[PDB]
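The chain contents come next:
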Amino acid sequence: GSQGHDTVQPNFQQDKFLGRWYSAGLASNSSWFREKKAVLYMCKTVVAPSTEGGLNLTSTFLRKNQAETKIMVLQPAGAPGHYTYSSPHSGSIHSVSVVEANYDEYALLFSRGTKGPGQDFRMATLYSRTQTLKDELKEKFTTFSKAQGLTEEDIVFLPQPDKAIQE
Ligand SMILES: CCCCC[C@H](O)/C=C/[C@@H]1[C@@H](C/C=C\CCCC(=O)O)[C@H]2CO[C@@H]1C2
């Protein structure tokens, strides 16, 4: 048994976090998004400084089940472990918080969206800057998931891109 609503650890450092990253772990607290989460395998993800003085995470996946190519702009909001990025939904509204993240080790972020519609969807992204399995990151994210009420069908850990003939 376990419990927990959510929590963010202040003192975030984009200096040793911003940049290119490798897919390792992901999650989602949505019911409609999960139906699509099962079709998003490994790929490339890089976050660079936005032209508007912020952050821009560009995603890209070629071949293998599905080919993706998008980019979001994250802008800090008050606390260090709190930002927002115009996502898909007409008015593009999103919010993200750093539940932990370590220096030169790994980066973890939780993206939740709260809009009038009442979506109240959440997400957990794990970025590996080494391409290795971290016990702390694995345990911190996996466990933190319980507090975030993750979804077994929403979790995505560096899926195998053995999708052939999907050019
Ligand atoms: C609404 C916000 C969406 C943010 C998406 C995010 O910036 C992308 C993350 C990359 C994912 C693959 C990319 C796209 C999957 C799209 C699935 C879909 O068609 O809806 C996973 C592999 O590396 C990471 C985790």
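As stated in the entry header, the method of structure determination is solution NMR.

The next thing to look at is the overall build of the chain. Secondary structure assignment for the chain yields two helices and eight strands. Starting at the N terminus, the α and β elements of the chain follow one another as β-α-β-β-β-β-β-β-β-α. For a compact globule of 167 residues, the expected C-alpha radius of gyration is about 15 Å, and the chain comes in at 15 Å, within 12% of that figure. Expressed as lengths along the three principal axes of its C-alpha atoms, the size of the chain is roughly 45 × 45 × 40 Å. Counting the 167 residues in the chain, one finds 37% classified as buried. Within the chain, counting contacts between residues at least 6 apart in sequence, those at least 24 apart form 56% of the total. Side-chain charges of the chain comprise 18 positive and 17 negative groups, with the mean position of each set lying 5 Å from the other.

Our focus in this paragraph is the nonpolar core. One broad trend across soluble globular proteins is that nonpolar side chains are buried collectively. Judged by nonpolar contacts, the single largest core of 25 residues is most densely connected at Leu-74, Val-98 and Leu-108. For this core, the secondary-structure elements that each account for two or more residues are β1 (19–28), β3 (55–61), β4 (68–77), β5 (79–85), β7 (107–112), β8 (123–128) and α2 (135–148). Element by element, the count of residues in this core is highest for β7, at four residues. Apart from residues no more than four positions distant in its own chain, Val-98 is found in contact with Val-8, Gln-9, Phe-12, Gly-81, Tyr-83, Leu-108 and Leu-109.

The next subject is the UniProt feature "active site" in the chain. UniProt records the feature "active site" for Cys-43 in the present numbering. Inspection of the secondary structure puts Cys-43 in the loop between α1 (34–37) and β2 (44–48). Leave out the neighbours within four places in its chain, and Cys-43 touches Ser-23, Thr-60 and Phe-61.

In this structure the tally under the stated criterion is six aromatic pairs. Residues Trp-21 and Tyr-127 carry aromatic rings whose centres are separated by 6.1 Å and whose planes lie at 55° to one another, so their mutual orientation is tilted. In this pair, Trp-21 is assigned in strand β1 and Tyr-127 in strand β8, connecting sequence segments 106 residues apart. With relative accessibility at 4%, the residue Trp-21 sits in the buried group. Overall, the relative accessible area of 14% leaves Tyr-127 in the buried class. Chaining the aromatic ring pairs together yields one cluster made of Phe-12, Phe-17, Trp-21, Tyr-83, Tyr-103, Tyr-106 and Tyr-127. The ring centre of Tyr-41 lies 3.1 Å from the NZ or CZ of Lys-163, which sits over that ring.

To continue, consider the site of the ligand. Close to the ligand lie 15 residues; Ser-23, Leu-26, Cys-43, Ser-59 and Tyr-85 are nearest. At 3.1 Å, a side-chain N or O of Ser-23 approaches an oxygen atom of the ligand. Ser-59 is positioned with one of its side-chain polar atoms (N or O) 3.2 Å from an oxygen atom of the ligand. Burial of the ligand by the protein amounts to 80% of the accessible area it has alone, namely 640 Å². Mapped by element, the contributors of at least two residues to the shell around the ligand are β1 and β4. Looking at the shell around the ligand residue by residue, the classes come out as seven nonpolar, six polar and two charged.

Conventions adopted
- Residues numbered from 1 in each chain as written, not as in the entry; some residues may be left out.
- Heavy atoms only, no water.
- Helix = DSSP H or I, 4+ residues; strand = E, 2+ residues; numbered from the N terminus.
- Rg over C-alpha atoms; globule rule 2.2 N^0.38 Å.
- Buried < 20%, exposed > 50% of the residue type's maximum accessible area, 1.4 Å probe, protein only.
- Contact = heavy atoms within 4.5 Å.
- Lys, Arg positive; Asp, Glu negative; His and termini not counted.
- Charge placed at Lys NZ, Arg CZ, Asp CG, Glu CD.
- Core = buried A, V, L, I, M, F, W, Y, C linked by side-chain atoms within 4.5 Å.
- UniProt positions renumbered as here; feature names shortened; annotations may be inferred.
- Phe/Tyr/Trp six-rings, centres within 6.5 Å; stacked < 30°, edge-to-face > 60°.
- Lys NZ or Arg CZ within 6 Å of the ring centre and 35° of its normal.
- Near = heavy atom within 4 Å.
- Polar contact = N/O pair within 3.5 Å; in protein donor to acceptor, adjacent residues only side chain to side chain.
- Areas by Shrake-Rupley, 256 points an atom, 1.4 Å probe, with all protein chains shown as cover.
- Nonpolar A, V, L, I, M, F, W, Y, C, P; charged D, E, K, R; others polar.

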